[PDB]
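Here is what each chain is made of, one letter per residue.
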Amino acid sequence: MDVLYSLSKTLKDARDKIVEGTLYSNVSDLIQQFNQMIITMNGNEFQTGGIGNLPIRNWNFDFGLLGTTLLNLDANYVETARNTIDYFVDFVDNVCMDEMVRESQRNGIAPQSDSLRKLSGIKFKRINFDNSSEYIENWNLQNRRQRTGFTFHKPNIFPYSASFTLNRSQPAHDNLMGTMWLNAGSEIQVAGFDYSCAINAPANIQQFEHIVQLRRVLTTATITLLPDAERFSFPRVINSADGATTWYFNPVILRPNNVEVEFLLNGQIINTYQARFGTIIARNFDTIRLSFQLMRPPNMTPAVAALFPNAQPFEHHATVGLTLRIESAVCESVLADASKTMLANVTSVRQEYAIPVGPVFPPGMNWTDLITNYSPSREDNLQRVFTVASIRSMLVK
Amino acid sequence: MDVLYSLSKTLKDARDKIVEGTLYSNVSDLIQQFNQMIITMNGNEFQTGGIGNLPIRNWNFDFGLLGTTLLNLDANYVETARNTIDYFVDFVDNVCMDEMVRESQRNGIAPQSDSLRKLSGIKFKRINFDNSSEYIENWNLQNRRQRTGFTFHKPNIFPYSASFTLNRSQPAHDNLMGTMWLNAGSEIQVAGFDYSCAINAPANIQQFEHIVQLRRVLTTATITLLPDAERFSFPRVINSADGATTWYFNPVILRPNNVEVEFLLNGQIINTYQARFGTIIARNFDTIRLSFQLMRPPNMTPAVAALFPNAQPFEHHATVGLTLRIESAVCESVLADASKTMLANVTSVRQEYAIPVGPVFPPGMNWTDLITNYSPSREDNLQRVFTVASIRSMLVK
Amino acid sequence: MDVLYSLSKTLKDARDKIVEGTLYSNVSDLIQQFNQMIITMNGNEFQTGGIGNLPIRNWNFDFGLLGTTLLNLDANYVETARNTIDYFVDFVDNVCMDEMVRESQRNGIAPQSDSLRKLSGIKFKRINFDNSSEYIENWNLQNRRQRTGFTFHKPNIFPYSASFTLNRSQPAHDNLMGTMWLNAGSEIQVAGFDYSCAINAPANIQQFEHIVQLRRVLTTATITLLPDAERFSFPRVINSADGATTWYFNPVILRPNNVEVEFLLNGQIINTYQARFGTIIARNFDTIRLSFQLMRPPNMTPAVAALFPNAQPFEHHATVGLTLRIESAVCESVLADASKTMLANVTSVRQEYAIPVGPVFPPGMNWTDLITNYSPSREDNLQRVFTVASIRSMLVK
Amino acid sequence: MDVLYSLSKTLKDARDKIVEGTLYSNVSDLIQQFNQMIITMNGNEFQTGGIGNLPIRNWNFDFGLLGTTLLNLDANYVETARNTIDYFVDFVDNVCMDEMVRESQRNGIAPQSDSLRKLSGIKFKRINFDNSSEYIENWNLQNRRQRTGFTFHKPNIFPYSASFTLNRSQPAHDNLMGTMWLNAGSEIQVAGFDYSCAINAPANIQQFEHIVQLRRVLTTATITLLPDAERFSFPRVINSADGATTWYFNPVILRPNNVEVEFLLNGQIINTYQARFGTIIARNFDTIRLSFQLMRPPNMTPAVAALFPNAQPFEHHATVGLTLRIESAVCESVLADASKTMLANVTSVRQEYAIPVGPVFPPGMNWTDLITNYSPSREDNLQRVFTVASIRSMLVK
Amino acid sequence: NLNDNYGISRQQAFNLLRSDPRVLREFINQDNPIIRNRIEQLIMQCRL
């Protein structure tokens, strides 16, 4: 894999640096590296494809080195360089498109797409130029086992879950107490609803809690926490649990008092935030606990006192919301984001070449069912395909 | 690990072959091997333990080589050989006891117990003598990925499941239909029972089906299929689904008719057997679909007609049973059997040195809850600890 | 055949012994053997297959020798050696799969799968390395005829028979006397049942005898003889001989008294055991005679006296049982077991490649009909295919 | 004895390795060993037998060495090899029988069968080749006292015991309570019965304890523990302790609740398993304690309420069972098994040659009376004869 | 089951696929249990 990244990086740096008029002082080392690559390659014969609608292409390399006799590069040099680089690029692209589609439960870190098992030999190790990228660096780290890290912007770590929980139910659904939540991508929106505004509760207060248990540990997360969760703040008609009947929900939004957000780690507490809203931090956490309240306003005006009567009808249901987005983060494992196209490239390749469904990835690689069980096999395969996808994106986006 | 098995093998062969009176012609090779091992080792300082009640030990090898001029071995030679062998033997025992307790989710195949990583270094590769054992052979194969195999006599691949399924039930539990099953170790005992002997069912026939799904594929399984299941053939008092009440079960055995056993794989079918009993075969299978019937006898004598009336009381419930044992088999994945001690060695070491529960293996390594989810991480760690358990057992049984 | 086993053994020992870093002083002999094999094979063209869905393959051996110059093996040598060995392994697997399928009523010992006839030449006899395994040793011995023997754990010598026998019957089936038996694999569960409990009998005693006649003589059999047969000890609804009607069987167990087990040979008695249970031995036997009794208890409590009255209804049928399981054994001939996958390999290959039915083996090689008629031709062909199966399983498991 | 094992091993490896066509590089060492054996034997005269039907055979060794000018092997060499090896083979078989058929309370380890006392001389010590096998390895270990071990599969450590214990009895045997058990070979089946279904007991719970003691320690045992024992679960007619009268047992099986399996060691608790079924482990244990309970079902349907009344008739007796099979194990001492033939060969020799009964072994070597009182003298003699029987079986199976 | 145990020719396989009475009755006269069982089960299902 390192050799594949090296191939891609020297071909990128060749398409970039090797251009008419440029100066040999700048591309001497790259010419030495390209010639060493051509030498290491000349004599080998590769085969790529044969899964789904991927054509079975055979590659044979017999090329000529790049002279070191000039100072300024002329078009008669760049033309040969390009007619070699385009071939190398199509070869690497086909290799990556054959590696993004082969799965395995046993040794998912190990190269599939046996042309790459060949590249992983010891006669090919002469190609390595620089393993600079974040993904390839973390790959070399996981091989030479050490503390890794991937930085993420808006990481899709929550599987789509829109669901409620009624701690006080009736068949008529006229006096309810409970909480609703939508967890999607990088954001949570939670809302605790009581239809009686806590009239019959002690101290005119009702508690609400929501515990989200992440599948992977994050670090140095930057978070934006606000009140008044929007998508549970307007009228709704929601089904029952068994799906038989429906019930109305007419929210009137109040504020969380004694709001307490705890970022935990293996049950232990790490960060605690009380009465704070907006930009906050979390240095390490596998679990989030949001604990808010609904406090009946004691001093009410006519217009609002006419909404929270002392009897069951309750045509206006008191709500208390909390929105919480995870803007940036750092994770020892690999995920998806709103910034990087690796997952898109992988799923697009598979959808394009009609790859059957394997023992590891769910059908269509739906991130919901892929993150909801983040098995180590799935983690390894996902890191491998993401790395080669980054590699192929460094050549063709 | 290959050098650990090499150490154990050459030490066993030393303890065995090197005995007073023997002929140097038969131990010249083993002695050159032992001396190369001593040379490779001398200068290296190892550590062992640091988890549970494993005492922290430090090993420092500085030994002297063995003579090569003799013709017949004497006591003054075997004695030095033994004074040298006991050290390496306790060293290997402590190493295996340190390596059978450590776990990891990422790259379980990778050696833990960093002394063993050191041994996995490149200067210790000169100790390899012969990797003959089944376990270490399959280990080398999985490294050099190839078609593997472990051969098992009566393998424990089914977890303990003693449960029923009722397809026609009432609160009184006086006219029931369904199927009971005890699946444990290498045996399945299933029994379809109807209280009314198929008097109202169509054609006086009642159907029963039992689909068992294994967590790993098998091959070349020799199977023994018999009728008249035993442990579901006597009176019983069985609890309800929700544990509320209990019901009675007074069975009367009949013959299975239209019996069919299907050995499938990934939902596709491989083998089937219809009305064949005794010794059968399954060449590759991950699923077992048993299908049998209960056929009311059209002709009947007084005594049996006294048991099968046309009204609801039904004090004698007709049954149809099937026992199915897996005598031998082959599997690409490591399991437990009734022949090999590896699992016992691992669990004994952990129980003896008070190893807390890890992240991968359940508490106490209960094979039931360890084969109910045979995740690839668990498979890798289990193969690793079983291999080093075999290695240890070759010296200290 | 000896050369086939030699090929398999030296390929096994080459995949085991030849590993990077090992010492040439340990593999010099095996390297000379491998090079001699290569020399003997270079210049021959083999054909394999031609029956059922087995493909037709052509093998042409032109390889290069293995260097005798080194002192410590390196990876550039192991890699070439393994590239050479995998071809030989595929060739041997294909030869074994060609040989396990074919049959002959005339000189079944004489090879089939004409590539193996070619290997039986005198220019290939230089390949023999060692013949230590059980099956090949017994092969060479039985050819150089001597007193041989295979060791078996839980052998399958009894063909599946679940049947009864009535020495007093009526159309109503209300007062019966008889014996039931299940002879399957290694177990014999027999049960003599009398509905009157031996009241009208002389001396309040009723006898039962069960004679099993094996098709091949065994030796040094370890047997477990227990009372109270299990699968003839619960209620049953059994069909008449002629299938016209059925009858009920509600058993009540009693001890067998004056029990006797005679292990015989050519009608002569060899071993005899009286009132002994648990573990017993049989040094040689072709026939087993179990003889047991039902003795009406002279004294009886109220309950059991009201179960055994002196009138015909007899709603509780007295029984006396015996389980007998052969655990280990030794036999001059070849059978199946619960330990070895030879029969399984053979049957799996035939079922996979859809082999037409031949003159010797029964359709599908069902052990019941294969041991109910174990004629010398079937015995010879079965030994041959079991031997090549052992060979194939020493390489591919 | 070591010399006898060396003889058997080099003769086996001679019959195996010295074949037609093989290469002298593979058998040079074995031929040096064989020629040394010859040189050391020639000049000695042996006598074997004189007890029972064993003839008094006199052996004289006048043999010539095996040539060494050859490069490959010919039939004109294998022929002489065989004509020389068959004599040593029958001599070894006769010596092994002469050592199997002799006993001693004083120094049972010391060699009987005075030809073997001769072989134990200091001139015969030049024949030791490799003490590889399990039995001879443990022999030499015990001589040089160390942590030994024999690995067993389904060992016969339990003597046949079928009995009952009544903690509440009446002369009419109408309201009984107690426990029945059958302990045989490698299995235990224990069933606690109460005829009142725990109506008069406190909290509607009755206790049951079975304490098994083994006459030899075990280690690394793998065990299968299942509920609802099968041979104490159908109607039975059992006899009084005094054997005068009989009583009736019509059972109805329930589940053991608060089941507890305690594997102890000299009263010190080692392993404790609570409500675990299926496959379990025991690192070291001399005593087993199975403690279970019979809990009356408080919530009962009519069909089962009709069976457990509040008065004495009690025509359905509540039963609670446990089966416990020992699949594998490891023991410092030698026992019998379901996999190996040592006991069979010993007893077969003795029964074939009509050996009188000695002061140590019982008549016919009934394993039950042999394991009941497993004195160290019997243990030593049994180890000795098992070792020489394994030796004999390595030549003549 | 038939193709595995009673190894079957191309023509017999094609005709069994097409449900050909000729080869079906050739097997039923060859006393093939794998087919006789299926046919007896068709009887026991065509009883009523």
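Residues numbered from 1 in each chain as written, not as in the entry; some residues may be left out. Chains lettered and ligands numbered in written order. Part of a larger assembly, values for the part shown. Heavy atoms only, no water.

- cryo-EM is the method the PDB entry states for this structure, with the resolution given as 3.4 Å.

### Let's talk about the overall build of chain E
Here is step 1 of the chain: Within chain E, the regular secondary structure consists of four helices and zero strands.
Here is step 2 of the chain: Each principal axis of the C-alpha distribution contributes one length, and for chain E these read about 35 × 20 × 15 Å.
Here is step 3 of the chain: Burial status across chain E gives 29% buried among its 48 residues.
Here is step 4 of the chain: With the model as given, the accessible surface of chain E reaches about 3,700 Å², and the carbon-plus-sulfur share is 51%.
Here is step 5 of the chain: Counting 7 positive and 5 negative side-chain charges, chain E places the centres of these two groups 6 Å from one another. (Helix = DSSP H or I, 4+ residues; strand = E, 2+ residues; numbered from the N terminus. Buried < 20%, exposed > 50% of the residue type's maximum accessible area, 1.4 Å probe, protein only. Areas by Shrake-Rupley, 256 points an atom, 1.4 Å probe, with all protein chains shown as cover. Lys, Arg positive; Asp, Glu negative; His and termini not counted. Charge placed at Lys NZ, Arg CZ, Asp CG, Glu CD.)

### A short note on the overall build of chain A
Here is step 1 of the chain: The helix and strand tally for chain A stands at nine helices and 14 strands.
Here is step 2 of the chain: Over its C-alpha trace chain A gives a radius of gyration of 29 Å, far above what one expects of a compact globule, namely 21 Å for 397 residues.
Here is step 3 of the chain: Projected onto the principal axes, the alpha-carbon positions of chain A cover approximately 95 × 45 × 35 Å.
Here is step 4 of the chain: When burial is assessed residue by residue, chain A has 53% of its 397 residues classed as buried.
Here is step 5 of the chain: In chain A, the share of contacts with a sequence separation of at least 24, taken over all contacts with a separation of at least 6, comes to 72%.
Here is step 6 of the chain: Here chain A contributes 34 positive and 37 negative side-chain charges, whose respective centroids are spaced 4 Å apart. (Rg over C-alpha atoms; globule rule 2.2 N^0.38 Å. Contact = heavy atoms within 4.5 Å.)

### What about the interface of chain B and chain C?
Here is step 1 of the chain: Between chain B and chain C, the residue contacts involve 54 residues of the former and 49 residues of the latter.
Here is step 2 of the chain: Here chain B is connected to chain C by three salt bridges.
Here is step 3 of the chain: Our count for the chain B to chain C interface comes out at 20 residue pairs in polar contact.
Here is step 4 of the chain: Considering every element that reaches the side of chain B that touches chain C, the biggest residue donor is strand β14 (residues 317-331) of chain B, with five residues. (Salt bridge = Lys/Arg side-chain N within 4 Å of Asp/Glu carboxyl O. Polar contact = N/O pair within 3.5 Å; in protein donor to acceptor, adjacent residues only side chain to side chain.)

### Digging into the packing of helix α1 (residues 2-17) of chain A against helix α3 (residues 75-99) of chain A
Residue and element names in this part refer to chain A.
Here is step 1 of the chain: Packing of α1 against α3 brings their axes to within 10 Å, and their N-to-C directions diverge by 145°. For the crossing formed where α1 meets α3, the hand is left-handed. Residues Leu4, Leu7, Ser8, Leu11, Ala14 and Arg15 of α1 form the contact with α3, whose own contacting residues are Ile85, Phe88, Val89, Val92, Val95 and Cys96.
Here is step 2 of the chain: Looking at the contact of α1 with α3 residue by residue, the classes come out as 10 nonpolar, one polar and one charged. (Axes fitted to C-alpha atoms, helices over the stretch in contact; angles between N-to-C directions. Left-handed = near helix turned anticlockwise from the far one by under 90°. Nonpolar A, V, L, I, M, F, W, Y, C, P; charged D, E, K, R; others polar.)

### Focus: the UniProt feature "binding site: Zn(2+)" in chain A
Residue and element names in this part refer to chain A.
Here is step 1 of the chain: If you check UniProt for "binding site: Zn(2+)", the listed places come out as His153 in our numbering.
Here is step 2 of the chain: Along the chain, the position of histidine 153 falls in strand β3 (residues 150-153).
Here is step 3 of the chain: Not counting residues within four places of it along the chain, the set of residues in contact with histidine 153 comprises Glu327, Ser328, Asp337, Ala338 and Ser339.
Here is step 4 of the chain: Within polar-contact distance, the side chain of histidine 153 engages the backbone oxygen of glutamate 327 at 3.2 Å. (UniProt positions renumbered as here; feature names shortened; annotations may be inferred.)

### Considerations on the relation of the copies chain C and chain D
Here is step 1 of the chain: Under the fitted operation, chain C is carried onto chain D by 0.1 Å of movement along the axis and a turn of 120°, and the coordinates agree to an RMSD of 0.3 Å. What the rotation and shift describe, once combined, is the action of a three-fold rotation axis. Closest approach to the rotation axis within chain C is made by the C-alpha atom of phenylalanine 234 of chain C, at a distance of 3.6 Å. (Least-squares fit on C-alpha atoms.)

### With respect to the UniProt feature "binding site: Ca(2+)" in chain A
Residues and elements named next belong to chain A.
Here is step 1 of the chain: Here, the residues flagged by UniProt with the feature "binding site: Ca(2+)" are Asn266 and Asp286. Judged by maximum C-alpha separation, these annotated positions cover 21 residues in sequence but sit close together in space, the widest gap being only 6.8 Å.
Here is step 2 of the chain: On the secondary structure map, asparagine 266 appears in the loop between β11 (260-265) and β12 (268-274).
Here is step 3 of the chain: A relative accessible area of 71% means that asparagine 266 is categorised as exposed.
Here is step 4 of the chain: Inspection of the secondary structure puts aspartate 286 in strand β13 (residues 278-295).
Here is step 5 of the chain: Ignoring sequence-local partners within four residues, the contact set of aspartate 286 consists of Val212, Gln213, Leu214, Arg215, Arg216, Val217, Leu264 and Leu265.
Here is step 6 of the chain: There is a polar contact of 2.4 Å between the side chain of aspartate 286 and the side chain of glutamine 213.

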